[PDB]
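# So I pulled this structure from the PDB, and the sequence comes with it:
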Amino acid sequence: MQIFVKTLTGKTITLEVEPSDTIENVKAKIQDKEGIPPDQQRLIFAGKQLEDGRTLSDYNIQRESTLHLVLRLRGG
Amino acid sequence: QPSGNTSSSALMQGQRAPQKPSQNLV
Amino acid sequence: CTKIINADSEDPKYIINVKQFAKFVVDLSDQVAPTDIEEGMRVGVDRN
Amino acid sequence: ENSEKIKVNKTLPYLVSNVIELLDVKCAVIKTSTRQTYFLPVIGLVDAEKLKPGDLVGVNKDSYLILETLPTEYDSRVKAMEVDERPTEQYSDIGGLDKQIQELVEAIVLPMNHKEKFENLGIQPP
Amino acid sequence: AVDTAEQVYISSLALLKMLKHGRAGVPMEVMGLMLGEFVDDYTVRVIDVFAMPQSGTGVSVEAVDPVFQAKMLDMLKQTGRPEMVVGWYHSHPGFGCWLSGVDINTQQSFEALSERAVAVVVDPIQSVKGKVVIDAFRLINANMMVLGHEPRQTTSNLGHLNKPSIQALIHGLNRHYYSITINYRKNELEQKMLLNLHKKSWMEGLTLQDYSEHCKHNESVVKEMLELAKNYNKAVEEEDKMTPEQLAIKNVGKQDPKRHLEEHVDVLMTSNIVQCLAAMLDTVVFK
Amino acid sequence: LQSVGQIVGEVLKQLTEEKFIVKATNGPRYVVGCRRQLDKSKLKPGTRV
């Protein structure tokens, strides 16, 4: 299953997964491809923030689905 | 007994202030 | 490092005094068990 | 939505403080245990009619807005609050002062149990 | 490839937005995003700024929930501002302008995601009277410094003004990051909505206020100039056969002629000439 | 939720028609001005501010 992850900068990144895959596995794929720690990624689909405990078979996702990624920005 | 006495003094403790931490942890 | 004076039980809020600062309501960190934290002993505390 | 907005601002770190005075023009003067004094024109997340002088309160560090009333008893220091034992003296241990213990029993022990005898006699005990 | 002495163009509007928002939450820190375009291989243009829900405190900030950000781009896009983000900014309430060790950990994600994204820092309470304390930075990777390679490339417009502050130089300046030159390209049209605008009048050009408020002013100034003149007379009667070097020797203050005598004359001349001219115009423009 | 809190202190002498000398409870003293519409007639030395 191919999916599309967009981002706030316009970067687009395709990815291949299977609906048995758990969300943290997806964040691990993002980490290894991009180089970003799993803590810092936050994921949005259709306006709901996704959660680790669930497969992509949950949230009834289909292929060619447009996810969004947002960074854990902080300051101090 | 009239008084023309004197005395010592203790200090003022309140002097500390907070400062910005500058830890560098990745 | 500071001390604790009144441990709320079954209520996760703790009270601490720096003995030079004021008293704050605080809690535990992620890795420390909430059992071996008997009230009335010295503890280490984060600055932030 | 509004409840969600208010949930975040109630962070854990608070500062214990005492309201010295209260005025309507709803406004309060707080001394806080860091030994600081601040006026404020609005009390915040507690019922202004519920607040009263001398109440302990927990306050935000930077803004001194009230966040919790902290009515839970955390006052003073533990003293006299031992339940370890009722005292152990017996009147047989006392010499001579029999009249004083009699007057004392009259002055306290009977009122502590017979208030109704006073009420229906029409008198107020000491 | 490697970077050189490049630049950042920020619109006037975004500057007003940053100043206003930074000053609003003054006892605490604030942060936001910024939007623009990488117009070429070495300038960057920022057009607009918007805030986001944040859990401020007196020394740090965190953003609350992401959905807000994802939405607002999609809203703006359908009223004609499609640009994606180029970077982020925050504020330091009372300290100098420099990066904390946590800002590095934030920044590395943007740099890992987009190659050039600057970071911006603003000070709202040193910018008090007639200057602005605003600055822009980027990271330098650790291993390159150990190797002989230096951070950038050189052409002669590097060195104007850009003397680093000692305060910033105490932290990771150079060692960890480098500053970028900033300038405000105020294009046409928005120029006039400021210059010809914040101050103006119309009928105010023809107002008289001819009562006592004028005569009393004259009879204050001339009255005190009487004593100024007497002072100057005494202060010159010395006529001693000494040398003006000795005059400078003892010269300290209250040099009558220049120090005071002349400004009164200039003030009195200005006021009275303008008043008489205005009366003479109104005597003919109206009947 | 958006209030700020304020410092309590006392007016020392008045200095000029727009300048006052004031003192905090335990901070240093300061030189300050007085706000729009503030009826300065009330600002007797010793008043709480």
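On my side now, so go ahead. Residues are numbered from 1 along each chain as shown, chains lettered A, B, ... in the order given.
# how about the strands in the chain?
You didn't say which chain, so I picked chain A. A:2-7, A:12-16, A:41-45, A:48-49, A:66-71, A:74-75 (DSSP state E).
# that answer is for a different chain, and I need it for chain E
E:8-10, E:31-40, E:43-51, E:61-62, E:85-91, E:119-123, E:133-139, E:177-179, E:182-183.
# now do chain C
Going by DSSP E, chain C shows strands at C:2-7, C:14-17, C:23-26, C:42-43.
# Out of the strands of chain E, which gets nearest to residue A:32?
Smallest distance to residue A:32 across the strands of chain E (C-beta to C-beta): 22.1 Å, for strand E:133-139. C-beta here means a position set from N, CA and C on the backbone, and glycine is covered the same way.
# so of the strands of chain A, which one's packed in deepest?
Of those, the one with the most neighbours on average (mean count of other C-beta atoms under 10 Å in any protein chain shown) is strand A:74-75, at a mean of 22.
# contacting residues around it?
E:29, E:31, E:60, E:61, E:62, E:63, E:90, E:100, E:102, E:103, E:105, E:106 (C-beta atoms under 8 Å, 6 or more residues apart in numbering or on different chains).
# Closest to residue C:4 out of the residues you listed?
Using C-beta to C-beta, the contacts of strand A:74-75 come closest to residue C:4 at residue E:60, 25.3 Å.
# The closest one contacts residue E:31, doesn't it?
No. Taking contacts as C-beta atoms under 8 Å, residue E:60 lies outside contact range of residue E:31: 9.7 Å.
# The residue of chain D found nearest chain A - how many residues pack around it?
Per C-beta to the nearest C-beta, residue D:4 is where chain D lies closest to chain A, at 13.2 Å. When neighbours are counted by other C-beta atoms under 10 Å in any protein chain shown, residue D:4 registers 9.
# Using the three-state scheme, assign the closest residue to chain B within chain F.
Closest contact between chain F and chain B, by C-beta to the nearest C-beta, is at residue F:26 (8.1 Å). Residue F:26 falls in the coil class when you classify it by DSSP: H, G, I helix; E, B strand; the rest coil.
# From residue A:43, how far out is it?
51 Å (C-beta to C-beta, to the nearest Å).
# OK, contacts around the residue in chain C positioned nearest to chain A?
Here the residue of chain C nearest chain A is residue C:48; by C-beta to the nearest C-beta that distance is 8.3 Å. For residue C:48, the contact set (C-beta under 8 Å, 6+ apart) comprises B:21, E:59, E:60.
# wait, doesn't the second one sit right on residue E:90?
Going back to what we said before, that points to residue E:59. No. Residue E:59 lies out of contact with residue E:90 (C-beta under 8 Å); the separation is 11.8 Å.
# Which residues are in contact with each of the two?
Contacts common to residue E:59 and residue E:90, judged by C-beta under 8 Å, 6+ apart, are residue E:29.
# Neighbour count: the two, which is higher?
Applying other C-beta under 10 Å to residue E:59 and residue E:90 shows that residue E:90 carries more neighbours, namely 23 against 19.
# Now for the closest residue in space to that one that isn't next to it in sequence: which residues touch it?
Among residues not flanking residue E:90 along the chain, residue E:31 sits closest, at 3.7 Å (C-beta to C-beta, 6 or more residues apart in numbering or on different chains). Each residue near residue E:31 by C-beta under 8 Å, 6+ apart is listed here: A:73, A:75, E:52, E:54, E:61, E:63, E:88, E:89, E:90, E:91.
# How much space separates the first one from residue A:48?
I take that to be residue A:73. 20 Å.
# Tell me the residues of the stretch 51-200 of chain E that contact chain A?
Applying C-beta under 8 Å from any C-beta of the partner chain, we find that the stretch 51-200 of chain E lies next to chain A at E:59-63, E:65-67, E:69-71, E:73, E:84-86, E:88, E:90, E:100, E:102-103, E:105-106, E:109-110, E:112-114, E:117.
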